[PDB]
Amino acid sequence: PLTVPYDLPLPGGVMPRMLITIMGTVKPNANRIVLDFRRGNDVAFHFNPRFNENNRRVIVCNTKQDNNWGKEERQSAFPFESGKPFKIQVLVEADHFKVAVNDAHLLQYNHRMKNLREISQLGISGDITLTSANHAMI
């Protein structure tokens, strides 16, 4: 039963075989959800479900370095729904993150910021209630 914006510490830094699991519920009338894997002031991986982009829903992913966003990657498979619970898993692999939502594979995002051990925190914000957020080594 946790506070949003929530900062999940990642005290090792990230590395391959780290699995982050987030459980929550999308608020009625949600506009946005964000997961930010932060490296200092940079964002190595931003995962941003958007509920109204010109009346469509789309997940936007990107990397922010020195205050500049890179090329956006989009996924229009959109498994989130206003008022419904969800489970997000982010798996860290050597070359990419894999994201799964409700046990369905959703997208892969290749690492652009490859100093993974400097990613020290995951911010979780937007229009959700959060039940739990944890990382585990597998």
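In case it trips you up, residue 1 is the first one in the sequence shown, and so on.
- Stretches 106-114 and 24-32 differ in mean CA B factor, with 24-32 having the higher one.
- Of the two segments, 92-100 and 77-85, the one listed with the higher mean B-factor is 77-85 (C-alpha atoms only).
- Of the candidates 48, 54, 63, 41, it is 41 whose Cα B-factor is highest according to the PDB record.
- Ranked by C-alpha B-factor against the other modelled residues of its chain, residue 133 falls in the highest third.
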